[PDB]
Structure formats: C-alpha cells, structure tokens
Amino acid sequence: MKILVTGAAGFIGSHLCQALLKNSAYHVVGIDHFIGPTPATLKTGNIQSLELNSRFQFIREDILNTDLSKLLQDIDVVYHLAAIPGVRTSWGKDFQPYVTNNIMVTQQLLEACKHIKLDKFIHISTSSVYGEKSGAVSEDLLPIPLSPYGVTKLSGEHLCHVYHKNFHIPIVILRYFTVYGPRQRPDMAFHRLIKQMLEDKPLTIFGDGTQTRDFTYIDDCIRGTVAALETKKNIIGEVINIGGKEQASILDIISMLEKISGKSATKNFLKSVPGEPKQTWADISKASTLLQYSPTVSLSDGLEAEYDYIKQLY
C-alpha cells in the first residue's frame, strides 16, 4: 500500500516513516515544509537515512501550496502529523501560524481526501486538548484547552469529525502525551535540559519543577501509531490516547539526568508558562483494548537514549 505521512521530517514523523519502511510491502510519501521550532539542519539529519530508501519519496513543500491531487493519488493511508507545536509561542502575533498550519492545513487535506478511497486517515493530536484535568484522562472527557496551541489542535480533531460524518473520510484520532527520545525537538524539556547539562549551563525550570507529565518514549508512540494502521478491527471515528510507561516531575527527570551524567545540575527557576497544565496523565485502557498497546520503555532507558542522541548531535 502507499502511505502519505505529513510532517515526515519532524521528530515523530521521521521515526514513523522509518518504522513503516521496515515492511517491504509499504511505500511511503513524506511531505514536510521544514517549519516550526526545529532548525532545518536537524530535520535534514532526521531524513538522511529515509532519503536513501527507494520506497520513500520526499516532498519539501507547504501542504497549503502543494498539488493535493498529485499528493493523494493512489494513497491508501494518510498519517497527518504536520503541525506547529509549542505552548509559549502560541500567544499574540505568534498565533497566526498555528491557525494556518493546524486548522487550514487539516481542512485542505480532508477536502482533498473526499473523492480518494482511503483505508484510514490517521490524525495525530495532543493531550494539550484536555487542558487542566485531575486523574488519568479518558477520551470521553470534555476537552477545555489551556493554550492557543491546544485550541488549534482541538479544531483539527473537530474538522476530522466533520469530514468523517459528512463525507465518510475514515478518520482515527491519536492523542499523544509528551513524546521524548532521539530526535526530540529542541524546544522540548528533555532536549533543552540535556543540552544545558552537557554544556554545564543552568537547567531552565518553568515554575517550581513539580509539574508532571505522562512521558511517552518515541518507540512506544510509534508502536501504537503503526498498530492503528495494522489493526483489522473497525476503529474508524475513534479517539485513542497514546501514553507512556512512567509519569514523572521535571525535578524527578533532572535527578535521573544527574545519575546518567554523574554531574550536578545548576538549576534556574523561571516564571510558570501561561497555558501549561500542572499535570498530564493518560488513561490508555482504550489503546490497550483496540490496538493491544502497551508501553515498555522505562524513563531510565529512554533518557539514556535521548542523552546519547543529544551528546552526539552537538
């Protein structure tokens, strides 16, 4: 089958392409405009192995300018990961690119899929739609985003439901929870903190560091994401959380990094970022039931993998 992966040069997209191309029966088309927080130099590094594979076609174009008829021709499955991520930079004049790349891109892809015969349109969304919630969050919970980023991602999901119900586009929504590992974007906490610790520079903590996340190792995320394509059971119209093995605070993470490096971190405590929840915590019962999803990578192992990646990168 032929699979389109949007945002194929990004953190998660590049890994997903690599995992799909392990199946010799799969051909992948990747499209990426090299925008968002990650410098082009890092994205080039993300796709260098992919571009050698004869079953990978790479298109460096904006989805809003590209020929979507040409892009979607004989596509069987769409993985839509293209987006602008980032809570802090989603305020004031920085908001327009979130609207353009998270809302308009999703509408224009879904429009182009109306007369195509897809098996699946697998739309990647975020735990950021939930906002500030207590306990493990299930997919039937009323989302109240806390950031403009989260609002634009939730509008994407809502467009998926619109095109599903009206035009029978076979949508599946995955909500990822803070993904980390090799190739993590340089604006995310583990990349920043590891880079800072390697350079013997202060570790930047937003707020007091007691905030927690459901951190999801990249190989766990990708196993869940591939399972959504490979299942034969009807998951069309479903929203599925994809979460991690072990939750932790930023202080817990820094302690674990200090154990890996054998260094002691200098900490700088900055003001809390408006729009960030204090806690995220997935209920992954539904992914367990529908996808046989079970995350298996510990934080200690995942963090050493990212630590090694960042050290080698710089």
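Numbering starts at 1 and runs along the sequence shown. The term rigid core refers to the most C-alpha atoms you can superpose between the two forms while keeping them within 1.5 Å.
Novice: Output the stretch, either 203-211 or 102-110, that has more C-alpha displacement from this form in 4 other deposited structures of this protein following superposition by the rigid core.
Specialist: It is 203-211 whose C-alphas lie farther from the shown form in 4 other deposited structures of this protein.
Novice: Which is farther from the shown form in 4 other deposited structures of this protein in C-alpha RMS with the core fitted, 36-44 or 277-285?
Specialist: It is 277-285 that deviates more in 4 other deposited structures of this protein.
Novice: Output the stretch having the higher mean C-alpha B factor in the entry; the candidates are 31-39 and 59-67.
Specialist: Looking at the recorded C-alpha B-factors, 59-67 comes out higher on average.
Novice: Pick between 96-104 and 81-89: the one whose mean CA B-factor in the entry is higher.
Specialist: Per the deposited B-factors, the answer is 81-89.
Novice: So among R175, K195, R183, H168, who wins on Cα B-factor in the entry?
Specialist: Top of the list by C-alpha B-factor: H168.
Novice: Between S134, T204, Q211, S155, which one tops the list for Cα B-factor in this entry?
Specialist: Largest recorded C-alpha B-factor: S134.
Novice: Looking at the C-alpha B-factor of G224, is it in the lowest, middle or highest third of its chain?
Specialist: For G224, the deposited C-alpha B-factor lands in the lowest third.
Novice: Using only modelled residues of the chain, where does the Cα B factor of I12 rank: lowest third, middle third or highest third?
Specialist: CA B-factor rank for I12: lowest third.
Novice: Would the CA B-factor of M1 place it in the lowest, middle or highest third of its chain?
Specialist: Highest third, going by the recorded CA B-factors of the chain.
Novice: Lowest, middle or highest third: which one holds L159 when the chain's residues are ordered by CA B-factor from the entry?
Specialist: Lowest third, going by the recorded CA B-factors of the chain.
Novice: By its CA B factor, does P143 count among the lowest, middle or highest third of the modelled residues in the chain?
Specialist: Top third by C-alpha B-factor.
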